[PDB]
Amino acid sequence: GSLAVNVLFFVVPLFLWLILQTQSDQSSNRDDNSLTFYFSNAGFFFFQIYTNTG
Amino acid sequence: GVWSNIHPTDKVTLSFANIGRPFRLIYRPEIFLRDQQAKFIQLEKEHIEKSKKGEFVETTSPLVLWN
Amino acid sequence: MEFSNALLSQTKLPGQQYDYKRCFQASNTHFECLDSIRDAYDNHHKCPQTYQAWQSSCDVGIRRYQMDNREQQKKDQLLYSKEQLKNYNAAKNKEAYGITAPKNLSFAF
Amino acid sequence: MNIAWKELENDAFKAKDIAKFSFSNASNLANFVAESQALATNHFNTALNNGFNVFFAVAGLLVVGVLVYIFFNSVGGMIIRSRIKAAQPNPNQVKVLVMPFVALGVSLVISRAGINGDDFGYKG
Amino acid sequence: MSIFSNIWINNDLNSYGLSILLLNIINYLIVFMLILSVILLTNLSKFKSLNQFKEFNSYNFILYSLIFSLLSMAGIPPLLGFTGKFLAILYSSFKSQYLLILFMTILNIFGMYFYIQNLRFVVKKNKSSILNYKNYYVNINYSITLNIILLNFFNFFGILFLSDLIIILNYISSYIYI
Amino acid sequence: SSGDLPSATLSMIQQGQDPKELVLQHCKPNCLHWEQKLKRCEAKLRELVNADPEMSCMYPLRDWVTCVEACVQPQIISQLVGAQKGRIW
Amino acid sequence: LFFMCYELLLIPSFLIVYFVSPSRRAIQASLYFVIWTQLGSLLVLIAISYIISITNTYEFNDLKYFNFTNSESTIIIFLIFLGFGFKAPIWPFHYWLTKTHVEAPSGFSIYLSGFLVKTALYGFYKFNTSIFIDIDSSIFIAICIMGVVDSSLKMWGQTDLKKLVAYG
Amino acid sequence: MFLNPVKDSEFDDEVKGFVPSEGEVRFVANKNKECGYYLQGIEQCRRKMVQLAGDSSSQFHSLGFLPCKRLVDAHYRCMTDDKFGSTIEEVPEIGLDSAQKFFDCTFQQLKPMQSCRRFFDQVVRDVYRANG
Amino acid sequence: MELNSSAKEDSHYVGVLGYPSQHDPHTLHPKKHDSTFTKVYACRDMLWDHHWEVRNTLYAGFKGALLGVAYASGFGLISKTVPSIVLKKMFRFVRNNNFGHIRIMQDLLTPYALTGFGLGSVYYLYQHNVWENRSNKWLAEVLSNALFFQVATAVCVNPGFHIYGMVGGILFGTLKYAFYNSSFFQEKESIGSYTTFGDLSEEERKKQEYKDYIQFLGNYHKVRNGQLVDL
Amino acid sequence: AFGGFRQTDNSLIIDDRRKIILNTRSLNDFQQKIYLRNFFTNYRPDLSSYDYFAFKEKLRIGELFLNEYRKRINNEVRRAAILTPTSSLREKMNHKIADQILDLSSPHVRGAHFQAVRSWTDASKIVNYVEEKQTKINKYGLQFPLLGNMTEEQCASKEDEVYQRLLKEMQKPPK
Amino acid sequence: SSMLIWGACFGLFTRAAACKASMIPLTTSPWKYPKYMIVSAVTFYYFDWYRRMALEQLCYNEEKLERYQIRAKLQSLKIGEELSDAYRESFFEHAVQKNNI
Ligand SMILES: [Zn+2]
């Protein structure tokens, strides 16, 4: 087909990772939502019944 | 039912959950803790006996066991 | 292996046999000379003649097993009684028929 | 093992301490041991019984309604069904129409009564 | 295995691994004996090449029994062969051996394909007719059939009763040092 | 979420204190050979009533100090503010 | 029991594809389905064994009282992400899904796209929420976005409608 | 709770929030993790004592909750890092009211052992804020 | 059986216990009132200096060459097929030479020894100069070994198999980190051991240990959850 | 019983509190817990499991409350646009409304974002704001059906308390 | 539940499954139905006793295995750690106090 186009398609995941890294740099200095697994509910699930027996 | 009446936990969890743990601890934890708490209950008893004499001993003070 | 007294006690010289009758007679006599005076740590020097008979009658491995068993029994006696053990066993076997539930929203930790 | 009442006397402890370590009245202790400080075992048992009855009624009515609907509307093609219904006597047509709707609607009504608290006595 | 004021507390059994190995051996033997009983029901001369797994397509008992035996050998979760591998991985993680876990994972996936490859060969155009004849009629053995019934029950639902076997094996293995 | 959470442990560097004395008295076992050599040199120099001024215990002590600070210095710096590594390298 | 119930779903699916599909190519498609889904299940099993052995417990609540170090958290998150992305098809692992949809019966295809893959989203979520992970999610986000881009760029060159629905 | 009363307020009960220092949160969390054994024992001791002499006819009904006092001491010592006193009666003048609240909410009002931890933690917080 | 035992020594623990140290100065110091011959002979400490870059590179090359020679002896030469004419010429050469076998062995084993020497030297120079200061040791080992083995597979073997070279490099790096860098099955200490340094008396340590045991009691699920029945 | 994983890295650990020296690669299960797993994973680690559940619910409600503030000011802007012609809308809106719009923007109010990036002190302040509103509305008994669940018996006592409080507030002198 | 009834139910379904697998009719060789339930009921009844009695001996075995682990740990200490203050007191207890024989 096209060598240049095939190479560009091959290197797409690296391009996405690099763009995400650059925008993470942008989020870090603006104190924006970072790309992390946020842990603010201490393991409590979304709408979960938490009751006891006895 | 009759198969799972030896433990309050289901048999599958008992099989794939207690990897390398003592069966004494798994099935009769109270006796396990009491046995490993020996020489601490004696120290606590001696501490209480001394406290009956009006003297407080700083060491062995944290040894207050309820199990 | 290489660490257990049980497996080392089974190792013996060729042509070496144990007289279990005499050894157990001497051990019973010594342990009845003891157990009449009770101490946290057993003092064999308070029962000298029975101590000498026990030493001359039983092998070293048998004596080590006997001391380990005696220590375990003394530790167990100070902690448990027959009636409370029976009650605890009955309660545990009774609650084994039920299930265990999570303690949601605890306080201690 | 060492948490007991042997060798315990009020002489050692001062009155104030005793005042802050004494039992409450009989009613509070009874509610504590019975775990009935807010709700009673009678409340719980009544709620279990009501839930049992509600589930059994709802399930039975739903299954009856769907079975009668299927077995009354699954007898053939449109013309065959029309002929069968026309041949049916009036009470039979009335039943095969009404009673599946009655069963399903009663199930829904029981559920709606389950989700609504209208027994509250602070009205007016 | 910690110490507090010259009192030792241990939460490790130290004999669990031997029981796990015994369980793996016993489970493998059970599944192997299931598949060999299935083979012993039939005419033995028919199974020479690997493509001749099609010969197991005779009637629903033989076909499904061997399909489930093969799946159990491959380590498919519901069946009996999965429990031994699961407990081996659990014990390896307990002993903190991630490299051993990785190599067992590679071996397990390659062996699983090695086993399930033969499920493709079972497809046959018609019924195989792999039964011996006696008194002009096919000879169907009832005792081996009942043995396969019991082995199939414990292959399907052995995970429910695995706790008792683990208890017995740990009881046996606790005697090793004492 | 880390960074927006409270810190569980407060080291004495984070309290504005110098742990160098503790680190020195803990890095000494790493250089027992040089310390023994310095002690032997001091004992030898004490015995001689007359010695050349060129002779001194300065070099064994230099070696011992070099070893001790080789153990000590980097670990103190590694906890300071501004000594963190880069985002990638 | 969560992990066991997740694992229990494979045998009925394989049996349905093997015995009910009319197409002849479905025999190998079932094998592909089994081998990819079981590789993912093996990764999830390694993560589960890690969690169970380190914390001798089986309740989601007890995980609130135990902390995992950075290395263990990274290992667990990578393992669960890859294992659940084998079933919920992430970019590099969807060959099995394409083959299985092309060859499987229509009803089971409906069940597989509509519901079965969702079973991977649920479990991951649970294991994602019960553990504290201190890693950057950029790699996982990039993998998911690569999956989206790769799948959506391949829709033009499809003549089979079922394969097109599978790519969607 | 982390609300302070507003003084000279137009209406009766007006409050203003505040956030503790990072040191106080760290100290309370660490002590709770390191001394939760005593806290659990108080709950078990409290229930056990009533089970044995809940009736007024028992021989030791007069003693009441006395043995659990020992546990209540130990926890206090743990929560105070043994820097103030061997018993809760030796608590400084600050936090004394919170100790009375804890005792009322633990024994006189046999509340679930969820509210009672708040008052003991309040004692610890007051001591931490006062001393250093 | 130990691997990389010198680099895994805990110097503080060894010094506290009094154990001999593998980093102690193993050097020879000639003194005066000695002959001129022992001055020259005492210079052999150069070969004992593990901080000498040239010596380390030469030792790595020697190890690589030895490994290559062994591989050729066991698996390389026997698999390859030699033309009958070449074999006949070689055997005729043996007939007309007193030690002709040695020359044949040199000719057969020279390429493998040379390749092993080059690979070992390049590997040592690549590891010691590039990846020695990376924070993540496991990742550094994995990446470096993967790249090196991919390049080696491309050069020494057909370049179309470089992916398998990368996979082999990853696996080798994992194995090296597990057993050559870390210490599994080869431990010089005991798990849970510690050393005390303060001036605290036995009573203070015992009190702290009682506190530690009280805290440790909270790690039991039944104790923490309050699920114990009355004994 | 909680366990642990064997460590690999070789690094000295100095415990000045217990006056001991340990090694990371030679830590047992208990020592790993107090040396490597002691970090916090909550906004407020000092709260219990129940208390942090209440805190988390209050924080979620507070984020929704700030979003509601923004929605209310937007609806007020729409009402002003409909009711006031453009000949004077800008000046009136510039009075007291533009500042409030800019006070409830992207950083202060989460809006449509995945997560509000708050420190533990910011979360504490939001929870305190919500609790202040709750205390204001609870003393008047305004939250029975909408934000509460009381029994019939508690309703009468609450009504008596609110009636007495309203009588007390009315008879005070003005400030 | 009762193990005797569970075993009897097991034998009843085992015989019916065996009849189906052999393609022989049910209702064939009827006397094997009561025999299977009797054999299976006794078999699982004895296993219920054996599994319970194995737990008892296993628990008592771990008490002896408790002692072996402590002594194995002390004997596996690296040289020079025996007299170290971390293990000196525990080591002396077994070498001196436990010399009671
Ligand atoms: Zn030190």
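So that the names make sense, note that chain A is the first sequence line, chain B the second, and so on, each numbered from 1. We count ligands from 1, going down the list as the structure has it; atoms in each ligand are counted the same way. Below, all heavy atoms of this structure are taken into account, side chains as well, without hydrogens, waters or symmetry copies.
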If you compare all heavy atoms of H/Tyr37 against all heavy atoms of I/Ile214, which two are closest, and at what distance to 0.1 Å? CB-O, 3.8 Å
Is it the case that I/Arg55 places NZ or CZ above or below the six-membered ring of I/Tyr59, under 6.0 angstrom from the centre and within 45 degrees of the axis? yes
Quick check: do F/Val72 and F/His26 have side-chain heavy atoms less than 4.5 Å from each other? no
Protein N, O or S atoms less than 2.8 Å from the Zn ion (ligand 1), ignoring waters? F/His26 ND1, I/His12 NE2
G/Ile75 and E/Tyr98, any side-chain heavy atoms less than 4.5 Å apart: no
What do you reckon, F/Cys31 and F/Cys71 SGs under 2.5 Å? no
Using only the SG atoms, establish whether F/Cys57 and F/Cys41 come within less than 2.5 Å of one another. no
